Protein chains: 2
Amino acid sequence: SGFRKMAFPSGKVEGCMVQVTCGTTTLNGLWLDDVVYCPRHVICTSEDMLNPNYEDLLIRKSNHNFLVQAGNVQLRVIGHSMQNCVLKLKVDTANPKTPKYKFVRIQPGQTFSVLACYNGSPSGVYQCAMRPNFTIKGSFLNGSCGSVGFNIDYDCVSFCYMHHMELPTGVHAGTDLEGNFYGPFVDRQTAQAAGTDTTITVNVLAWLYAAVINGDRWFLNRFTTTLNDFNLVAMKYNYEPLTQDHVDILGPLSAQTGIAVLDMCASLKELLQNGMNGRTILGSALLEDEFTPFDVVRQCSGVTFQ
Amino acid sequence: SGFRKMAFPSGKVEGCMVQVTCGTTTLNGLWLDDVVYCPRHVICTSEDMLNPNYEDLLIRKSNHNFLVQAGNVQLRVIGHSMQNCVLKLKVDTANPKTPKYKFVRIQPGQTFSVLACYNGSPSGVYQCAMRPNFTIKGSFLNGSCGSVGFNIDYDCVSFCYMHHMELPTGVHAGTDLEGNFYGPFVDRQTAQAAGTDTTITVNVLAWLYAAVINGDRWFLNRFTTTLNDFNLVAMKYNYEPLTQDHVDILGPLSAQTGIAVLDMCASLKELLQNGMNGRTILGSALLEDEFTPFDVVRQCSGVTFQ
Ligand SMILES: *[C@@](O)(c1nc2c(F)cccc2s1)[C@H](C[C@@H]1CCNC1=O)NC(=O)[C@@H]1[C@@H]2[C@H](CN1C(=O)[C@@H](NC(=O)C(F)(F)F)C(C)(C)C)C2(C)C
Ligand SMILES: *[C@@](O)(c1nc2c(F)cccc2s1)[C@H](C[C@@H]1CCNC1=O)NC(=O)[C@@H]1[C@@H]2[C@H](CN1C(=O)[C@@H](NC(=O)C(F)(F)F)C(C)(C)C)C2(C)C
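**What about the site of ligand 2?**
All names here are of chain B.
Phase 1 of the analysis: Lining the immediate surroundings of ligand 2 are 22 residues, of which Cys 145, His 163, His 164, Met 165 and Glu 166 lie closest.
Phase 2 of the analysis: Contact distances for ligand 2 include 2.7 Å between an oxygen atom and a side-chain N or O atom of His 163.
Phase 3 of the analysis: Within the backbone of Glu 166, a nitrogen or oxygen atom sits 2.8 Å from a nitrogen atom of ligand 2.
Phase 4 of the analysis: For ligand 2, the accessible surface in isolation is 790 Å², of which the surrounding protein chains cover 82%.
Phase 5 of the analysis: The leading source of residues in the shell around ligand 2 is strand β12 (residues 156-167), at five residues.
Phase 6 of the analysis: Classifying every residue of the shell around ligand 2 gives eight nonpolar, eleven polar and three charged.

Structural data, given as C-alpha cells:
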C-alpha cells in the first residue's frame, strides 16, 4: 500500500543523453543508433532568438561545426538535417546502449517521465502530464533544452517529448521527436501564452480508485448519476467532459474495486459541489489529475520493466 | 522555473538489482562487486513469520539453496553470512556495473530516492523522507522487499535504505545496508506501530525558499522573530524544533533570496496560526516537508550526476 508520484526507471534513457554545442550554445541531445536528435535552436545566438530563420542559420553550418560529446568522447558528425523543430545529426558511431524504442505523439491527459538534463548529464526524473492546453508543469532551467520525456512498455522506450521552452506562469512547451510542437507554440522568443487549462477528469477518477484501493474511502456516497448529468456539473468546475472511451478505460479499476464508474462520478460530483471540507485524500488536499488509469494499475499491481 | 518532487536518476542502481529465491520466497537483492545483499527473511516460510529464529533457519541452509538471478543468468553462491537483518551472499561473479558506492545511515528529515522493484526488476522511482518517527511514506507491495533507497553525489551512490515491511496506516520500515532498522521495529509479523510523526520544520522552510525563488511570494510578512519564540509556536503545531544547525544549513537559500531565516520563520509562524486561507504555495494546499535545503538547491541550480 501507499501511493506516490512514481517515475519510470530512467537508466535506458540515461544511456542515450549527450551534449550538443554549436558556437556558444550548448544543450542536450538524444543519441539513438547513429543519430543525435536535439532542438534546432542549438544553432542560434543570443541575437537570433526574437525571430530566427533556422533554415538560413543551418545552411551556413557544416558537419564539423557541431560538437557532440558523450562523456569524455567526442562523436564525429557526418551529416545533419532539420525535421520541423528538431535537428538530426548523423554520427559515425552507433550508441551501443540504444534501447528498443519508438517515437510517439501523446494525447492531452497522458502522463510520462521527464529526465531533466544539463550539459548532457542527468539532474533528476519526475512524472508529468500533457495538459489539455498542451503545456506541461515541469521543472526546467536554462540548459534543460533537449531533455526528453518517455514511457516504458516492458523493454521498449516510447519517447514522446523533447523540451524547448518555458511560457508565462512557469509552465513548459516542447515537441514530439519528429519536431512538431504540442499546441500552437513556436520556437522563438516572442509573446505566447497557453490557453486556460482544465482538469483531466478521467485521471481524477483513476486517482479516486487508487484512494479506495489504499483504504481511503470517506468520500464515497450512496448515489449514482448519468454521464450527461455528471458532464454538465463537471463543465462548470472546468473539468474535461468524460467520454464513453474514458468510461471503458476505467473498467479494470471499476471491476477491481466493485464500484461502477458512474457511482464514482456521483462521488466526484459531490466533491466538486461541496469541497473536501478540510479532509485529504491519499494525503492530498486537492484532487489530483496527473495519474492515468494505467498509472494507477501499474503502481497498485507492481508492473515492472527492463 | 517550476518545482517538482524529483528523484535521482536510477540507472546506476538499476544495474545492481537481482532476484533472490530461497524455497518459495523470492525478493530483491543488491549486487555490488561479488556480494549480494538482501533481507534475511528471504529464508522464511509462511509459517515462520510470527516469530522466526533467523539464526536457526540459516544454519539449516547451504550456499546452493540460494537462487540468485541477474536477468537470464544465475549467479553461483559461494558463501553466505548474516549481518543484523541483512543477508550477504558471496557470489563467484563481480557485478561489472557496480558504481562507486558507500553505505550510509541517514538522519530523520533526510530525503532519498527509492527504486521500487519486483522479482529483481524495477517498477519505478520516487523521492521519500526518513520521517521523525523512523518510517517512510512509501509505495510498496508484496515482493518489494530488498528494494533500496539512495542518494547520488557526482558519481557516488550512497545506499541508505533497504525495504523490509509495512506498518499500520500504510507507512514503511526498513534497514540501513548493515541491516540495522531505522527506529525500534523488528522483522517479524507482530503488532508494531510507529510513534506519532512530526513535521520536519527545516524542510518546510527550504520549500518556502523554493516558492520565493519561483516567484510565489504572497505569504511573506513584514516581521521577524527570535528562534525561541518561533520554536514555542512550532511545538504546538507538532513541528520539530529548529536548531542553530538548521539555521546554518538554510544559509545558502537565505543568502540567495535575501531573506533572513528568522524572517522566513516569522512568515511560517503566521501560516501555522492563520492557515493558508484557501491559497496554494507552488501548487500545493499543504506545507510540504519532504524537500531538504540541499534538494532545493540542486533542483533550482541544476546540479547533475553520472
Ligand atoms: C533551453 O534550455 C535553452 N535554450 C537555449 C538557447 F536558445 C540558446 C542557448 C542555450 C539555450 S538552452 C531553454 C529552456 C528554458 C529556459 C528557462 N526554462 C526553460 O525551460 N529554452 C529557451 O531559453 C527558449 C529558447 C529561446 C527563448 N526560450 C524560452 O524558453 C523563452 N520563452 C519564450 O520566449 C516563450 F515561451 F515564448 F514564452 C524564455 C527564455 C523563458 C523567455 C527559444 C524559444 C528558442
Ligand atoms: C516483502 O516484500 C516481502 N516479505 C516476504 C516474506 F516474508 C516472505 C516471502 C516473500 C516476501 S516479500 C514485504 C513488503 C510488504 C508487503 C506489503 N507491503 C510491504 O511493504 N514484507 C513483508 O511482508 C513483511 C515480512 C513479514 C511480515 N511483513 C510485513 O510487512 C507485515 N507487517 C508487519 O507485520 C508489521 F510491520 F509489523 F506491521 C505485513 C505483511 C504488512 C502485515 C516480515 C516483517 C518478515
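**Describing the domain arrangement of chain A**
Residues and elements named next belong to chain A.
Phase 1 of the analysis: If you check the domain split of chain A, you get domain 1 (1-14 + 100-197), domain 2 (15-99) and domain 3 (198-301).
Phase 2 of the analysis: Here the C-alpha centre of domain 2 lies 19 Å away from the C-alpha centre of domain 1.
Phase 3 of the analysis: Each partner contributes to the interface: domain 1 provides 35 residues, whereas domain 2 provides 27 residues.
Phase 4 of the analysis: Buried area between domain 1 and domain 2, both sides added, is near 2,400 Å², and the carbon and sulfur share of it is 55%.
Phase 5 of the analysis: Sorting the residues of domain 1 by area buried against domain 2 places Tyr 101, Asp 187 and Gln 189 first, and these three jointly supply 22% of that buried surface.
Phase 6 of the analysis: Between domain 1 and domain 2 we count one salt bridge in total.
Phase 7 of the analysis: Close ionic contact of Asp 187 with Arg 40 constitutes a salt bridge, the shortest N to O distance being 2.7 Å.
Phase 8 of the analysis: Secondary-structure elements contributing two or more residues to the side of domain 1 that touches domain 2 are α1 (11-14), β8 (101-103), β9 (111-118) and β12 (156-167).
Phase 9 of the analysis: With five residues, the single largest contributor to the side of domain 1 that touches domain 2 is β12.
Phase 10 of the analysis: Of the residues contributing to the side of domain 1 that touches domain 2, the split by class is 13 nonpolar, 15 polar and seven charged.

**Quick word on the packing of helix α3 (residues 201-213) of chain A against helix α7 (residues 261-274) of chain A**
Residues and elements named next belong to chain A.
Phase 1 of the analysis: In contact at an axis separation of 10 Å, α3 and α7 are set at 100° when each is read in the N-to-C sense. When the interaxial angle is binned, α3 and α7 end up roughly perpendicular. Together, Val 204, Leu 205, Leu 208, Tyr 209 and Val 212 of α3 and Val 261, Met 264, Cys 265, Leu 268 and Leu 271 of α7 make up the contact between the two elements.
Phase 2 of the analysis: In terms of residue class, the contact of α3 with α7 is made up of ten nonpolar, no polar and no charged.

**Notes on the relation of the copies chain B and chain A**
Phase 1 of the analysis: With an RMSD of 0.0 Å, chain B superimposes on chain A once it is rotated by 180° and translated 0.0 Å along the axis. Taken together, the rotation angle and the small translation identify this as a two-fold axis. When C-alpha distances to the rotation axis are compared across chain B, the minimum falls at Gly11(B), with a value of 1.8 Å.
Phase 2 of the analysis: Interface residue correspondence from chain B to chain A reaches 100%, placing this contact among same-surface, isologous pairings.

How each quantity is defined
Residues numbered from 1 in each chain as written, not as in the entry; some residues may be left out. Chains lettered and ligands numbered in written order. Heavy atoms only, no water. Near = heavy atom within 4 Å. Polar contact = N/O pair within 3.5 Å; in protein donor to acceptor, adjacent residues only side chain to side chain. Areas by Shrake-Rupley, 256 points an atom, 1.4 Å probe, with all protein chains shown as cover. Helix = DSSP H or I, 4+ residues; strand = E, 2+ residues; numbered from the N terminus. Nonpolar A, V, L, I, M, F, W, Y, C, P; charged D, E, K, R; others polar. Domains from an automatic or database assignment. Contact = heavy atoms within 4.5 Å. Buried area = accessible area lost by both parts, 1.4 Å probe. Salt bridge = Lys/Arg side-chain N within 4 Å of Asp/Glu carboxyl O. Axes fitted to C-alpha atoms, helices over the stretch in contact; angles between N-to-C directions. Parallel < 35°, antiparallel > 145°, perpendicular 65-115°, else oblique. Least-squares fit on C-alpha atoms.

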